[PDB]
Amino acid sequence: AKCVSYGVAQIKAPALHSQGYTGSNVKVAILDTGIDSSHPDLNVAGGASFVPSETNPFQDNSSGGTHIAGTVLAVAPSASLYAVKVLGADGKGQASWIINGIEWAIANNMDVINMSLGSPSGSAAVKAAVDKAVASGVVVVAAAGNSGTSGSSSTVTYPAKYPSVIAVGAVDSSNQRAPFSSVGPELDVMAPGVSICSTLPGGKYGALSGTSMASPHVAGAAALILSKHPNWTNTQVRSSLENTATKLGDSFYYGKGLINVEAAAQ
């Protein structure tokens, strides 16, 4: 990664890089606004757009998908990225497009899906698609949501709220929960999500914040783990990440805590 970010070190990814693990032979689908494949620092192995008004997955008119792709590669420099456009330039998309992206990922043997997206209300059809991806063996990771808190209510967005999906909240560089990061019992783990520098469309770079930035740290961690343990199931990868996380406080706010990919990968 050309642009320096604290987040890679914070999740203990360099320990895996020192070991020789970089996420080789792991297919990671970025279900987002596209990936700017023309960026000199990003290689994209394949993809598909399901947004009828934005037909090219290898451009990104929003910036999030490109940034997220870069974070996956900062954590797992050898991962294979796939651009699955399910959100338009305004960052918004429909259930059915998301489903089509999940279905494509299953058909194309993805190992990991990242969904840095959410709705306050669930789709029963998206639930069916994410459940099927997990049953098929895919590690499904999602942003927990940027809906802050609501007293004792969960604010975890869908599909992160489903049991089958790993719900990733955001901490800052001090390991404090970001004010925006959604909360609730459905929260699994935390990762860095404040002022993360990564790739932006047009060969650019910059900092963004959100649970959208936290999720790809966990997707990249999954790729690192699979490169060390290519025989592990998605169940085992998920267990590793959750059971070895660094506890940070009450699970309503932090889940199991900050991922520690060095511990997760043994």
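Numbers for residues come from their place in the sequence shown, where the first is 1.
Look at the C-alpha B-factors of 75-83 and of 121-129. On average they run higher in 121-129.
Among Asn56, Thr33, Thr199, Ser37, the highest C-alpha B-factor recorded in the PDB entry belongs to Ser37. Remark: of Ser116, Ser147, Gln94, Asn100, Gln94 shows the highest value [criterion: C-alpha B-factor in the PDB entry].
Sort the modelled residues of the chain by CA B factor and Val112 lands in the lowest third. In this PDB entry, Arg238 carries a Cα temperature factor that places it within the middle third of its chain's modelled residues. Residue-level temperature factors show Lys204 in the highest third of its chain, judged at the C-alpha atom. Ranked within its chain, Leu42 lands in the highest third, by CA B factor from the PDB record. In the deposited entry, the Cα temperature factor of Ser63 sits in the top third of values across the chain's modelled residues.
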